[PDB]
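Reviewing the structure listed below.
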Amino acid sequence: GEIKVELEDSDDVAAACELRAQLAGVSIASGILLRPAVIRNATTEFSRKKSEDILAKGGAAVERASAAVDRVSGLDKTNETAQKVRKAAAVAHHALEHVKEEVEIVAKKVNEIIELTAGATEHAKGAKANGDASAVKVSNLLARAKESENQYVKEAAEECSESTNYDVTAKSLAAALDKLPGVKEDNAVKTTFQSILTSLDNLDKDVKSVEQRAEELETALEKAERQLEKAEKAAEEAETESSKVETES
Amino acid sequence: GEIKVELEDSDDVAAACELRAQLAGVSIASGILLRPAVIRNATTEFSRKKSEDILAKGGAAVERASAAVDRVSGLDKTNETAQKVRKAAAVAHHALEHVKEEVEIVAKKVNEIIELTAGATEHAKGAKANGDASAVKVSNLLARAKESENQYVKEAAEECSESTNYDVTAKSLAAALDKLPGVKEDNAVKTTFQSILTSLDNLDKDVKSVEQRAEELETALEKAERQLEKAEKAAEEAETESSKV
Amino acid sequence: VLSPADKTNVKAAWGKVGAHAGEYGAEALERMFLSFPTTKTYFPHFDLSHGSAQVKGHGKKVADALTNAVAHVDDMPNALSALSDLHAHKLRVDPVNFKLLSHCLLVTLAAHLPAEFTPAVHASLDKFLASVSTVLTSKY
Amino acid sequence: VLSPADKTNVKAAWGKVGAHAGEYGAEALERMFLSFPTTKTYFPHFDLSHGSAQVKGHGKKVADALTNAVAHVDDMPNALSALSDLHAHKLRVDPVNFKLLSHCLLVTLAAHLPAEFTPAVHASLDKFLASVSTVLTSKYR
Amino acid sequence: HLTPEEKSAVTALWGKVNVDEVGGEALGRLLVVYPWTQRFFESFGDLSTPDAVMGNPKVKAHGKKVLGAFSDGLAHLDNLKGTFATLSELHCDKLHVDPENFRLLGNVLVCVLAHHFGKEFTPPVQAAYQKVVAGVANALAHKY
Amino acid sequence: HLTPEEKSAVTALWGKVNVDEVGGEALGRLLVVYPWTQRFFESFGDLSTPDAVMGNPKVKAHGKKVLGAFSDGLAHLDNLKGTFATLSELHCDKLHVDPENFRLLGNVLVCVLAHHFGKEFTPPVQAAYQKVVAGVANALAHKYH
Ligand code: HEM
Ligand code: HEM
Ligand code: HEM
Ligand code: HEM
């Protein structure tokens with residue numbers, strides 16, 4: 001269905017013209033909004049593999065210390081000097097339980113980003129489709145106003161340009177819709193206009209939350225790296241005692 | 001040594017200015033002259049090893065017919081079936097004699113192009129080295145004219161621009177040198193000037209001869225190809241009658 | 001720099017485009033996404049399926065830009081001053097992509113204008129589409 | 001399009017080059033032939049050996065062209081109208097090579113102007129050298 | 001790099017191209033659209049105007065030998081690196097043809113095929129020929 | 001590939017580069033000279049001015065991780081294809097980064113090394129680094145062809 005309420009005056013026509021331009025500019029806006037969050041979802045595959053590795057290097061640093069502590073099991077039993085060669089291996093396994101902890105975080109964040117991005121795409125296509133559709137109905141309303149039995153309305157619709165607003169936001173659009181409450185609330189577009197405002201607002205809420213989960217994910221990979229350094233240098237540390245001792249008890 | 005004869009008047013200074021620009025423009029000229037003949041020398045080895053494979057395909061088309069004529073040997077000089085193989089094989093070996101002939105041409109032309117191009121490069125280097133060295137001596141002569149007690153010579157040398165003539169030829173340069181016979185015949189540059197005129201003339205004589213040896217070459221590879229088609233279709237013709245027994 | 005002869009050929013060839021401008025633009029873009037799939041990334045919020053109306057819509061917007069550019073060939077930088085900014089500062093399209101659409105536009109015009117797409121015209125159209133690309137890349 | 005800010009940086013950086021113009025030119029070319037040996041083909045009649053005087057000579061001719069281009073930044077196409085024709089119709093240099101020398105000129109200026117070649121200036125010099133290349137490539141059609 | 005459905009449309013269209021002339025139409029178009037490319041073919045004679053370039057028997061001739069190389073790569077799609085190997089030595093080691101020029105000629109061929117086939121040269125078949133010409137460009141610039 | 005005399009000058013100079021900062025200087029310079037590359041780093045924060053970019057801790061940080069890849073591939077010159085293989089998947093099939101941008105960053109690194117070493121970054125050593133950066137560009141764009 002088309003918009004039944006006609007453009008009463010020259011000032012009303014001018015608002016509808018800016019509205020046809022705002023609704024057109026929704027197409028550009030969502031694209032620019034969604035795009036960086038898609039770049040972030042592209043790195044989740046790579047950043048997960050980095051975590052499975054820090055775990056692999058961790059498990060291996062644990063196994064190098066677990067073999068080094070096995071060699072010095074039957075050399076000093078409940079003695080004084082060998083109480084130290086077991087301490088670094090304890091530091092090594094404790095550091096791993098932290099590596100294994102942060103890797104679980106990276107995993108959950110990867111799944112969160114995927115789910116958020118897949119979601120935001122639907123909000124950007126949804127805002128786009130409802131954008132372009134409603135602008136058609138507004139253009140037709142202006143096209144009728146170019147025929148209007150009123151000379152001031154006929155000239156305002158004529159002077160009025162077919163343009164696209166490049167700086168559209170959820171705010172600027174609601175502001176353009178406030179100018180024409182009769183169009184804003186007309187049954188032919190009423191829900192479509194309401195569907196854009198929500199879709200745009202949810203799309204920004206998602207893009208921001210993707211930047212957020214990434215910040216949490218990068219923190220975990222740095223913390224997994226800190227503990228891998230702590231594990232390796234505790235492995236190679238008291239495991240140094242394993243090369244110096246070849247003796248028999 | 002430097003040029004000893006001084007610039008007498010404003011018209012003399014003007015000729016020396018153009019002659020300098022001409023001598024400067026010799027480097028550009030030889031570069032533009034030599035370059036296409038170097039592109040032609042780059043295709044020689046490709047074309048030789050292309051001729052080598054037309055001979056190999058020829059020899060193989062000959063050996064396929066030479067084996068096909070060995071099978072049909074057990075027959076008299078009366079059967080149409082037995083004679084068509086022997087005759088196509090004769091056509092096949094005769095076609096090879098011309099493949100083998102054109103390949104000798106390709107070989108000699110390749111060696112000729114290499115020798116010509118290697119030669120022309122030295123001419124182009126010699127003409128630029130001598131063309132640029134002499135321009136230095138002419139510039140110094142103009143630099144001394146910017147000091148002259150003549151008000152007209154000092155001003156003409158001053159107005160005179162440090163430029164490079166882009167449309168230099170062996171003709172245009174000799175023409176610029178004719179304007180100043182005192183400079184042209186000065187012992188400090190006389191022979192260097194004569195060395196440019198000869199080097200430039202020989203460089204054009206070589207570049208043109210490279211364009212000629214290549215047409216005479218391409219013709220031979222086409223003629224070797226025509227005869228390879230004539231050999232193969234007489235050889236495959238002999239193989240048609242050899243499977244027939 | 002477009003010569004009076006180059007200019008005549010453009011105007012004449014785009015003159016023959018006329019009514020079908022919108023369908024052509026849509027094909028140029030569809031050809032671009034298929035041949036160079038990394039171009040699709042600038043449209044994550046678009047339906048890029050075969051014969052989409054989003055692509056049909058965008059197609060006309062790209063062609064009417066070009067129809068305006070032809071009309072204002074002598075003053076092309078001011079004619080597209082709007083887009084040269086939109087592309088540079090808002091979309092941040094890599095300049096290497098302007099070369100890709102320009103070629104797909106030539107592929108479109110070759111397929112539809114058998115007579116007019118001659119070697120003389122092929123040169124003048126590529127000359128022009130390079131100039132359009134230069135304008136759009138001018139604000140980086 | 002070079003901004004008034006871009007223009008100031010060029011003039012300032014090439015202002016610091018000064019007498020060393022024919023020095024940095026010879027360097028830029030020597031760097032180009034070594035990094036991109038494909039470029040040497042346009043000079044078959046040249047001695048391209050280390051520290052050649054042919055290359056030293058050509059170097060100054062290339063730099064004085066650039067010194068003129070800086071002086072006439074606002075009207076660069078007419079300033080180099082001579083060369084844009086020489087390169088296009090007489091030499092027939094492939095346009096892809098203008099990109100290579102332009103980079104070697106930046107490599108030269110980075111090595112010699114430690115203070116001057118800042119990120120702000122690096123951008124403005126590359127914008128300028130692209131504009132010089134654009135002028136020289138303008139007559140190829 | 002091509003899908004069996006693409007290999008099907010590609011070898012289909014190619015069997016319909018006039019081998020005798022489509023090569024000279026691409027090679028001539030290159031020397032007309034990108035004139036600097038003439039520096040390699042100065043011995044070709046008359047190259048002053050597009051009608052003098054298109055008319056040139058040497059251009060149409062060499063055009064046939066160049067298309068013949070395309071007809072070979074279009075047979076040997078699985079192994080392009082080796083097919084064009086001998087030519088890579090000639091175009092890279094000896095003549096030093098900047099690889100973009102191969103790319104330029106490649107796009108010009110695609111333009112000629114579109115000009116000839118029209119509505120038969122559909123976006124997905126263009127997409128497939130693009131893969132081919134990109135391959136033939138890489139296979140030739142392999143020595144770099 | 002490189003000559004044993006070049007491999008000698010290359011690994012010489014590289015052992016003198018401040019790994020901690022030369023990476024951020026190249027990455028920052030890329031986003032300053034070629035601004036469109038910024039679409040790839042909108043989460044980095046403030047990038048509005050060259051001094052905001054150069055100052056950005058995320059830029060200097062990420063700069064260190066990209067130089068680390070350069071330090072990695074400079075060791076295994078004989079096998080660059082495999083060294084950068086994991087990264088090729090990220091830059092090509094995931095991010096969809098145009099290969100010329102890798103080339104642009106490569107030339108920017110060469111500009112940074114010249115800016116830092118000066119008369120030590122001689123025409124023949126530049127020539128060798130050029131071969132390296134060309135290799136690292138190809139190895140990364142391997143997933144395209
Ligand atoms: C022949 C040159 C081109 C012209 C004339 C052109 C024209 C334009 C126009 C007129 C618009 C938006 C106008 C509106 O909707 O009101 C625009 C938007 C856009 N262009 Fe271009 N463009 C060109 C090349 C490019 C290229 C090479 C790309 C990148 C592959 C690009 C990607 C975009 C994108 C992403 C949009 C955003 C529009 C949206 O999201 O709805 N176009 N095009
Ligand atoms: C980008 C800035 C460039 C400038 C400012 C420039 C400047 C010039 C000038 C002024 C000349 C003429 C010298 C004279 O008057 O004698 C010229 C000649 C020449 N240029 Fe360029 N050029 C540039 C780029 C190129 C490039 C990229 C190439 C190589 C592909 C090229 C190759 C040549 C050659 C071969 C000559 C002729 C030299 C001779 O044979 O004497 N230059 N250069
Ligand atoms: C891109 C695909 C290309 C293919 C398939 C190709 C094919 C070949 C072939 C088959 C030949 C040898 C012809 C013969 O036997 O006489 C050759 C020669 C040659 N090609 Fe290419 N070529 C290509 C691109 C290039 C480009 C872009 C140029 C430079 C503009 C180049 C310049 C040459 C030259 C100068 C020769 C020597 C031909 C002669 O003058 O006799 N071609 N071409
Ligand atoms: C050519 C040399 C390059 C190398 C060696 C390289 C290396 C890498 C490395 C090692 C990472 C990820 C490191 C980590 O997260 O731990 C990566 C990430 C990235 N690279 Fe590259 N890169 C190069 C060039 C490019 C260029 C030219 C761009 C395009 C602008 C590109 C865009 C990116 C992006 C967007 C990321 C992801 C940043 C993030 O995780 O949020 N880089 N680089």
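Residues in the structure tokens are numbered from 1 in each chain, the chains being A, B, ... in the order shown, and ligands are numbered from 1 in the order shown.
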Per-residue nearest contacts chain C to ligand 1, cut-off 8 Å, using only C-alpha atoms and all ligand atoms, as CSV:
```
residue,atom,partner,partner_atom_place_in_ligand_line,distance
C:39,CA,ligand 1,30 (C),4.7
C:40,CA,ligand 1,30 (C),7.0
C:42,CA,ligand 1,35 (C),4.4
C:43,CA,ligand 1,35 (C),5.3
C:45,CA,ligand 1,40 (O),7.5
C:46,CA,ligand 1,40 (O),7.5
C:58,CA,ligand 1,15 (O),6.7
C:61,CA,ligand 1,10 (C),5.0
C:62,CA,ligand 1,7 (C),4.2
C:63,CA,ligand 1,5 (C),6.6
C:64,CA,ligand 1,10 (C),7.6
C:65,CA,ligand 1,5 (C),5.0
C:66,CA,ligand 1,5 (C),5.5
C:83,CA,ligand 1,10 (C),6.4
C:86,CA,ligand 1,18 (C),7.6
C:87,CA,ligand 1,20 (N),6.6
C:91,CA,ligand 1,35 (C),6.1
C:93,CA,ligand 1,29 (C),5.5
C:94,CA,ligand 1,29 (C),7.3
C:95,CA,ligand 1,27 (C),7.3
C:96,CA,ligand 1,27 (C),7.8
C:97,CA,ligand 1,27 (C),4.5
C:98,CA,ligand 1,27 (C),3.7
C:99,CA,ligand 1,27 (C),6.9
C:100,CA,ligand 1,27 (C),6.6
C:101,CA,ligand 1,27 (C),5.3
C:102,CA,ligand 1,1 (C),5.7
C:105,CA,ligand 1,1 (C),7.9
C:129,CA,ligand 1,1 (C),6.9
C:132,CA,ligand 1,2 (C),6.5
C:133,CA,ligand 1,2 (C),6.0
C:136,CA,ligand 1,2 (C),7.3
```
Backbone-only DSSP, alpha helix (DSSP H) members of chain C, as a ChimeraX atom specification: /C:4-17,21-35,53-71,76-79,81-85,96-112,119-137
Residue list for chain E near chain B as a PyMOL selection string, 10 Å, only C-alpha atoms: chain E and resi 39-43+86-87+89-91+93-96
I need the residues from that last selection saved to file as an mmCIF file, in the first residue's frame (with C-alpha atoms), if you can.
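File produced: selection.cif:
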```
data_model
loop_
_atom_site.group_PDB
_atom_site.id
_atom_site.type_symbol
_atom_site.label_atom_id
_atom_site.label_comp_id
_atom_site.auth_asym_id
_atom_site.auth_seq_id
_atom_site.Cartn_x
_atom_site.Cartn_y
_atom_site.Cartn_z
ATOM 1 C CA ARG E 39 58.447 -0.247 -28.632
ATOM 2 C CA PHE E 40 58.791 -4.130 -28.920
ATOM 3 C CA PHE E 41 57.312 -4.251 -32.497
ATOM 4 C CA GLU E 42 59.130 -1.309 -34.292
ATOM 5 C CA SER E 43 59.969 -3.697 -37.199
ATOM 6 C CA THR E 86 59.862 -21.831 -22.856
ATOM 7 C CA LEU E 87 58.019 -18.536 -23.523
ATOM 8 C CA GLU E 89 62.538 -17.458 -20.837
ATOM 9 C CA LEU E 90 61.820 -15.310 -24.012
ATOM 10 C CA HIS E 91 59.380 -12.784 -22.419
ATOM 11 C CA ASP E 93 65.037 -13.307 -19.484
ATOM 12 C CA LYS E 94 65.612 -11.946 -23.050
ATOM 13 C CA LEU E 95 62.944 -9.209 -23.815
ATOM 14 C CA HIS E 96 62.043 -8.174 -20.171
#
```
At a cut-off of 6 Å, list the chain D residues touching chain F, using only C-alpha atoms, as a compact mmCIF listing (two decimals) with C-alpha atoms, in the first residue's frame.
```
# COMPACT_ATOMS: atom_id res chain seq x y z
CA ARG D 31 69.62 2.14 -6.43
CA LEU D 34 70.34 -2.56 -8.73
CA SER D 35 66.88 -3.20 -7.24
CA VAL D 107 64.94 5.75 -0.33
CA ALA D 110 65.32 8.82 3.78
CA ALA D 111 69.05 7.89 4.03
CA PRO D 114 67.18 11.92 9.04
CA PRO D 119 55.81 10.53 8.47
CA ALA D 123 53.43 11.22 2.67
```
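Between CA of residue 129 (chain A) and CA of residue 34 (chain A) the separation is 14.6 Å.
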Give one line per residue of chain A that approaches ligand 4 to at most 10 Å, naming the two atoms of the closest pair and their distance in Å to one decimal, counting only C-alpha atoms and all ligand atoms; sort by chain then ascending residue number and deliver it as CSV.
```
residue,atom,partner,partner_atom_place_in_ligand_line,distance
A:36,CA,ligand 4,35 (C),9.6
A:39,CA,ligand 4,35 (C),7.0
A:40,CA,ligand 4,41 (O),6.2
A:41,CA,ligand 4,41 (O),9.4
A:42,CA,ligand 4,37 (C),8.6
A:43,CA,ligand 4,40 (O),6.1
A:44,CA,ligand 4,40 (O),8.6
A:46,CA,ligand 4,15 (O),8.0
A:47,CA,ligand 4,15 (O),6.8
A:50,CA,ligand 4,16 (O),8.0
A:211,CA,ligand 4,41 (O),9.6
A:214,CA,ligand 4,41 (O),8.2
A:215,CA,ligand 4,41 (O),9.6
A:218,CA,ligand 4,15 (O),8.5
A:221,CA,ligand 4,16 (O),9.1
A:222,CA,ligand 4,16 (O),9.7
```
Using only C-alpha atoms, what does the table of chain D residues within 8 Å of chain C look like, with each row giving the shortest atom pair and its distance in Å to one decimal, sorted by chain and ascending number, as a tab-separated table?
```
residue	atom	partner	partner_atom	distance
D:1	CA	C:138	CA	6.3
D:138	CA	C:1	CA	6.6
D:139	CA	C:1	CA	7.7
```
For residue 49 (chain D): contacts at 10 Å, only C-alpha atoms, fewer than 5 positions along chain excluded, given as a PyMOL selection string: chain D and resi 30+54-55
10 Å contacts from chain D to chain E using only C-alpha atoms, as a VMD selection string: chain D and resid 37 to 39 41 88 to 97 140 to 141
Would you save the residues from that selection as a compact mmCIF listing (two decimals), in the first residue's frame, using C-alpha atoms?
```txt
# COMPACT_ATOMS: atom_id res chain seq x y z
CA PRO D 37 67.55 -4.53 -13.23
CA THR D 38 64.78 -4.44 -15.89
CA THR D 39 65.24 -0.61 -15.94
CA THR D 41 67.36 -1.78 -20.80
CA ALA D 88 56.17 9.39 -24.09
CA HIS D 89 56.88 9.72 -27.82
CA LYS D 90 60.69 9.44 -28.14
CA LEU D 91 61.91 7.07 -25.37
CA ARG D 92 58.66 5.00 -24.98
CA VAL D 93 59.41 4.22 -21.28
CA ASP D 94 56.84 1.82 -19.73
CA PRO D 95 54.79 3.84 -17.21
CA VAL D 96 55.34 1.10 -14.52
CA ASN D 97 58.99 2.25 -14.30
CA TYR D 140 51.18 8.16 -23.76
CA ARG D 141 47.75 8.24 -25.53
```
Shell of 8 Å around ligand 2 (only C-alpha atoms and all ligand atoms), written as a VMD selection string: (chain B and resid 24 to 32 163 to 166) or (chain D and resid 39 to 40 42 to 43 45 to 46 58 61 to 66 83 86 to 87 91 93 to 102 129 132 to 133 136)
All residues 9 Å or closer to residue 28 (chain D), only C-alpha atoms, same chain fewer than 3 positions away omitted, as JSON, numbers by chain: {"D": [23, 24, 25, 31, 32, 33, 59, 101, 102, 103, 104, 105, 106, 107, 108, 109], "F": [123]}
Write out, as a JSON list (two decimals), in the first residue's frame, the residues just selected, with C-alpha atoms.
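Heads up, here's the output in out-v7.json:
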```
[["chain", "number", "residue", "atom", "x", "y", "z"],
["D", 23, "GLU", "CA", 74.35, 13.67, -5.81],
["D", 24, "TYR", "CA", 70.97, 12.26, -4.67],
["D", 25, "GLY", "CA", 69.86, 11.81, -8.34],
["D", 31, "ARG", "CA", 69.62, 2.14, -6.43],
["D", 32, "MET", "CA", 66.96, 1.69, -9.21],
["D", 33, "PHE", "CA", 69.24, -0.28, -11.57],
["D", 59, "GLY", "CA", 71.66, 12.04, -12.15],
["D", 101, "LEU", "CA", 62.45, 5.57, -9.67],
["D", 102, "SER", "CA", 59.98, 7.52, -7.51],
["D", 103, "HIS", "CA", 60.51, 4.94, -4.65],
["D", 104, "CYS", "CA", 64.32, 4.97, -5.03],
["D", 105, "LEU", "CA", 64.21, 8.78, -4.77],
["D", 106, "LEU", "CA", 62.34, 8.36, -1.42],
["D", 107, "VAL", "CA", 64.94, 5.75, -0.33],
["D", 108, "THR", "CA", 67.67, 8.28, -1.17],
["D", 109, "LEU", "CA", 65.97, 11.09, 0.78],
["F", 123, "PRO", "CA", 72.46, 0.63, -2.96]]
```
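When CA of residue 54 (chain C) is paired with CA of residue 135 (chain A), their separation reads 13.6 Å.
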Who sits within 10 Å of region 50-66 of chain E, only C-alpha atoms, same chain under 4 positions skipped, as a list in words: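 Here the qualifying residues turn out to be residues 118, 119, 120 and 123 of chain C; 18, 19, 20, 21, 22, 23, 24, 25, 26, 27, 28, 29, 31, 32, 33, 41, 43, 44, 45, 46, 70 and 71 of chain E.
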Test item: chain A residues at most 10 Å from chain C, counting only C-alpha atoms, as a list in words: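 Written out as asked, the residues are residues 27, 28, 29, 30, 31, 32, 33, 34, 35, 38, 39, 120, 121, 122, 123, 124, 125, 126, 127, 128, 129, 132, 166 and 167 of chain A.
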Selection file, C-alpha atoms, as a compact mmCIF listing (two decimals), in the first residue's frame:
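Result file follows (part_32.txt):
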```
# COMPACT_ATOMS: atom_id res chain seq x y z
CA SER A 27 21.94 1.74 2.64
CA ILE A 28 25.46 3.44 2.96
CA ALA A 29 25.26 3.79 6.82
CA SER A 30 24.73 0.06 7.62
CA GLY A 31 27.47 -0.98 5.20
CA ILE A 32 30.05 1.35 6.89
CA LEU A 33 28.78 0.17 10.33
CA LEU A 34 28.87 -3.58 9.72
CA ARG A 35 32.17 -3.78 7.73
CA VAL A 38 33.24 -8.50 9.73
CA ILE A 39 37.09 -7.85 9.59
CA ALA A 120 24.73 -7.93 13.11
CA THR A 121 24.74 -8.89 9.34
CA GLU A 122 21.01 -9.66 9.57
CA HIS A 123 20.38 -6.29 11.33
CA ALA A 124 22.38 -4.42 8.58
CA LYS A 125 20.50 -6.23 5.68
CA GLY A 126 17.20 -5.75 7.62
CA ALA A 127 17.77 -1.99 8.07
CA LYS A 128 18.92 -1.73 4.38
CA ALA A 129 15.94 -3.59 2.88
CA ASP A 132 15.20 1.29 0.33
CA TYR A 166 25.85 10.32 3.48
CA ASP A 167 25.97 11.20 7.25
```
Please report as a Markdown table every residue of region 73-113 of chain F lying within 12 Å of region 36-42 of chain F, along with the nearest atom pair and their distance in Å (one decimal), using only C-alpha atoms.
```
| residue | atom | partner | partner_atom | distance |
| --- | --- | --- | --- | --- |
| F:91 | CA | F:40 | CA | 10.7 |
| F:95 | CA | F:40 | CA | 8.4 |
| F:96 | CA | F:40 | CA | 10.1 |
| F:97 | CA | F:40 | CA | 8.8 |
| F:98 | CA | F:37 | CA | 10.0 |
| F:99 | CA | F:37 | CA | 12.0 |
| F:100 | CA | F:37 | CA | 11.1 |
| F:101 | CA | F:37 | CA | 7.7 |
| F:102 | CA | F:37 | CA | 10.4 |
| F:104 | CA | F:37 | CA | 10.2 |
| F:105 | CA | F:37 | CA | 10.0 |
```
Closest of B:49, B:4, B:146, B:87 to ligand 3 - atom-to-atom distances counting only C-alpha atoms and all ligand atoms: B:49
Test item: residues at most 8 Å from residue 121 (chain C), only C-alpha atoms, excluding those fewer than 6 positions along its chain, as a count of residues only: 4
